[PDB]
Amino acid sequence: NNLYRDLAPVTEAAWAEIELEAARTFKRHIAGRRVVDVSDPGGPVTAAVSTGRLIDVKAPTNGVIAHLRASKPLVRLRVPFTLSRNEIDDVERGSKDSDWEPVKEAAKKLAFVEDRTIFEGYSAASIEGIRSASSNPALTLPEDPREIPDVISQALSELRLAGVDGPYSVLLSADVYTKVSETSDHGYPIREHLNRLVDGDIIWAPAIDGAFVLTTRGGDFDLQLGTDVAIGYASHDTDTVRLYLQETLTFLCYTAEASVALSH
Amino acid sequence: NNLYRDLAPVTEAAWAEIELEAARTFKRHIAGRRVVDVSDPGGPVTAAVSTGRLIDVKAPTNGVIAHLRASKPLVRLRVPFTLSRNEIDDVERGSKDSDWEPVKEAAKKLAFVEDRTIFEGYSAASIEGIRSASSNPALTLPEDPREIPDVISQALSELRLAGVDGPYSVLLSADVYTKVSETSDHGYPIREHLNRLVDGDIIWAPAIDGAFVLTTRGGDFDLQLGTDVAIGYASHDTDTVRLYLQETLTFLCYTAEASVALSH
Amino acid sequence: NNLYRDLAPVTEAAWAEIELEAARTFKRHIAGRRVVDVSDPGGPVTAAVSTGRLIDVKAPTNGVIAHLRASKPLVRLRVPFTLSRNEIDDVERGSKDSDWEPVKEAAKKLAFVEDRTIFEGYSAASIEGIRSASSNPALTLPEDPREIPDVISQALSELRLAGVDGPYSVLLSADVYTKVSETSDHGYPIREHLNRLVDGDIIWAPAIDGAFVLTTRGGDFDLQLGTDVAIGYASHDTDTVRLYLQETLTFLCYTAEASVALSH
């Protein structure tokens with residue numbers, strides 16, 4: 001296929017450790033797929049997702065009414081990374097500490113771009129994120145982290161006022177997640193106060209800004225995958241192998257009132 | 001074998017009580033084997049652990065490229081102890097309080113050396129401990145023990161920032177473990193506050209200095225055993241038997257970001 | 001694996017002729033494996049050979065006796081060679097005289113380095129050769145080749161005085177082997193006089209200096225192989241393919257009195 005993995009000077013044993021480090025780092029830093037509906041991958045051919053809507057377009061002849069079918073394009077996101085060939089060759093010799101730091105940086109970079117796309121949008125790919133598509137009022141996060149469980153309760157009130165009924169999850173940015181993990185009250189971290197407000201999870205979301213409170217009842221948020229994360233080969237020289245991680249996706253939000261966005 | 005146990009003036013009943021006291025005291029004072037991967041014992045022959053790496057070495061002839069295979073030597077750690085022969089002979093007569101205090105001191109001594117080796121290093125045996133091999137920033141322990149769950153939360157933040165994903169355990173030195181056990185807050189000991197920060201265990205580590213927070217996801221810390229703890233015979237006279245405890249091991253840390261070291 | 005043979009622009013038919021020329025030239029120029037015990041290859045992981053001995057090392061704590069396990073490192077010996085791609089491509093077209101001269105030079109180079117290592121030592125790899133480890137007195141080779149069977153008989157006397165009992169082989173350097181092959185006495189070459197002194201073989205050893213007389217009773221000389229001779233791929237351009245021969249080994253001599261070294 002287009003990955004051209006068989007052309008890489010990378011052993012089968014070294015691929016297994018690269019695949020492990022990429023999958024483990026990506027899953028650690030992905031927060032969007034824990035709350036959105038993730039489709040089955042459509043394959044390499046699929047290029048657009050039908051929205052079912054119509055666009056008025058000028059008729060080619062009188063007596064004819066013409067409409068373009070509306071769709072959302074998929075975006076191919078590629079993160080290159082460079083591995084040392086000495087570190088690759090050490091794997092068959094029995095090394096357990098080969099430097100897969102460029103794999104982990106690329107998986108963290110690809111996980112951030114996917115979560116920035118879902119929550120903050122990526123407008124060049126015609127992706128309105130959850131923050132922009134939310135019709136609930138955007139709340140402000142207080143600087144005192146002990147006041148955060150009040151504002152999360154205010155976000156849960158807006159979802160209750162909007163009429164949505166599902167288990168709620170709270171996604172926190174890396175700064176806010178740290179701040180509620182390290183600040184205590186009544187002998188409990190603030191993050192444990194937040195656990196008891198919601199039936200879903202308090203989710204570490206290191207890509208996003210601020211916070212999000214949303215329902216995970218299903219059918220509101222759609223991550224449409226063309227192809228999921230794959231590792232491909234670009235080139236190599238004597239010392240290095242140029243690889244990449246890539247995935248093809250788009251994100252669709254169908255319910256504007258299913259989420260509350262929070263920021264500073 | 002080399003233990004020469006059959007030459008000892010030690011009865012079978014007395015061996016069973018010596019083996020029991022040594023195993024119970026060693027397991028009580030070992031903290032490293034609760035968090036590191038412990039290999040199967042390689043046997044008495046094994047002398048080195050391959051690191052899989054290569055060392056540049058001068059070629060014997062031009063047109064030849066030579067590399068030494070790198071490895072880590074195992075270290076044989078022996079702790080002698082002396083038992084009274086009157087206490088040994090009392091066992092067959094039905095004594096239940098024979099003085100196995102030199103067994104317990106030797107097992108505690110051998111357990112401390114193993115845990116100092118894993119965590120603080122033993123540089124003459126080319127063993128970089130967990131504290132020296134950690135790439136996360138070293139935190140300072142506060143003198144007020146009620147402020148310890150904040151600094152443990154700061155250590156958990158560094159591991160979350162490093163990207164590692166497993167159940168975290170906290171290893172406390174004997175001074176710190178006592179101080180968080182004897183200080184209370186909200187009607188709970190500080191050690192119980194620490195239990196609720198982590199999904200792993202709060203571990204009494206009487207050999208180490210300060211504290212350690214690390215993941216136990218697996219594959220990061222490797223205790224390679226040549227031979228595990230065995231009791232051997234050295235010599236005897238009319239009144240005493242000279243014995244020893246010994247084990248052959250080395251320790252390897254493969255993941256620098258899998259641990260946070262804490263000290264005063 | 002690390003050889004990356006599938007990336008080479010070398011046909012299956014051309015590999016078969018390269019493998020044949022490398023194996024035939026290596027076996028022609030190897031003399032050490034005819035007299036030493038050659039182990040089964042330990043695999044790519046193995047990095048050291050246990051000597052079973054102990055090294056005094058400073059104890060980490062009082063009351064503890066520490067010893068490092070001693071071992072001998074394996075050395076990876078690589079000989080690069082460059083083949084013409086026109087000569088490679090001629091093989092499928094039915095050529096029988098493709099220039100495998102760089103293969104034969106590399107196999108001769110790798111065979112010499114292995115035999116210099118066994119007999120003359122390679123001290124950077126901590127390999128004491130047979131000549132240095134021999135405790136028998138070193139004899140001098142006479143300039144008259146007709147006087148060589150006397151000095152070989154003197155070497156056989158030293159082995160008889162040392163008490164060793166096995167079939168003796170004589171290894172001659174390329175200069176000495178030529179000189180005893182081309183000089184005649186009583187209508188026989190001097191090499192045929194040497195054949196009748198020993199029950200083993202008179203062995204052409206083109207790598208070594210001088211001569212060696214040793215027993216092949218077994219258990220005295222140990223060639224420990226990690227991986228045996230393999231052909232790997234480095235790189236290629238339009239005109240050439242860069243390949244290499246490599247093997248990983250060390251040599252151990254266990255019996256100092258099992259050999260007599262001879263020189264000029």
Side-chain angles (χ1 to χ4, degrees), chain B residues 42-81 102 105-106 108-110 112-114 116-117 120-127 129 207 226-227 234 244-246 248-250, chain C residues 42-81 102 105-106 108-110 112-114 116-117 120-127 129 207 226-227 234 244-246 248-250:
Chain B
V45 177
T46 179
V49 173
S50 178
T51 67
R53 290 181 183 270
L54 302 176
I55 302 167
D56 295 334
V57 71
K58 185 178 181 178
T61 309
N62 56 4
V64 180
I65 288 95
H67 288 92
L68 290 175
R69 292 297 302 266
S71 62
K72 289 291 185 181
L74 276 71
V75 62
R76 205 269 300 270
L77 298 167
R78 179 177 289 177
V79 180
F81 64 100
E105 293 180 357
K108 183 175 176 179
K109 178 72 75 177
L110 182 61
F112 282 7
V113 171
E114 170 174 345
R116 297 288 297 172
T117 297
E120 310 298 328
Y122 174 40
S123 67
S126 295
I127 294 170
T227 57
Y244 55 87
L245 307 180
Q246 74 180 4
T248 303
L249 54 83
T250 188
Chain C
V45 177
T46 179
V49 173
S50 178
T51 67
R53 290 181 183 270
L54 302 176
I55 302 167
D56 295 334
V57 71
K58 185 178 181 178
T61 309
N62 56 4
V64 180
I65 288 95
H67 288 92
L68 290 175
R69 292 297 302 266
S71 62
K72 289 291 185 181
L74 276 71
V75 62
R76 205 269 300 270
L77 298 167
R78 179 177 289 177
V79 180
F81 64 100
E105 293 180 357
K108 183 175 176 179
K109 178 72 75 177
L110 182 61
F112 283 7
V113 171
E114 170 173 345
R116 297 288 297 172
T117 297
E120 310 298 328
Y122 174 40
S123 67
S126 295
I127 294 170
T227 57
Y244 55 87
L245 307 180
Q246 74 180 3
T248 303
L249 54 83
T250 188

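Letters A, B, ... are given to chains in the order of the sequence lines, protein chains preceding strands, and every chain is numbered from 1. Side-chain atoms are counted along with the backbone in the values below, which use heavy atoms only and exclude waters and symmetry mates.
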For the candidates B:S50, B:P73, B:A48, B:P60, which exhibits the highest count of non-hydrogen atom pairs separated by less than 4.5 Å from chain C? B:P60
Heavy-atom pairs under 4.5 Å with chain B - which of C:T61, C:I55, C:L74 has more of them than the others? C:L74
Shortest non-hydrogen contact between B:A66 and C:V75, atoms and distance: CB-CG2, 4.2 Å
Considering only heavy atoms, which portion of B:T46 lies under 4.5 Å from any heavy atom of chain C: side chain, backbone, both, or neither? backbone
Taking all non-hydrogen atoms of both residues, which atom of C:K109 and which atom of B:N62 are closest, and how far apart? NZ-O, 3.3 Å
Please flag which part of B:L54 lies under 4.5 Å from any non-hydrogen atom of chain C: side chain, backbone, both or neither. side chain
Between chain B and each of C:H67, C:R53, C:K58, C:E105, count heavy-atom pairs under 4.5 Å; write down the option with the most. C:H67
For B:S71 and C:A47, work out which heavy atoms get closest and say how close. CB-CB, 4.2 Å
At a 4.5 Å cut-off on heavy atoms, which part of B:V79 comes close to chain C: side chain, backbone, both, or neither? both
Is a side-chain N or O of B:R69 found less than 3.5 angstrom from the main chain of C:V45, in a donor-acceptor match? yes
Check whether B:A106 gets within reach of chain C through its side chain, its backbone, both or neither, counting any heavy atom under 4.5 Å. neither
Close side-chain approach of C:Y122 and B:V57, heavy atoms under 4.5 Å: yes
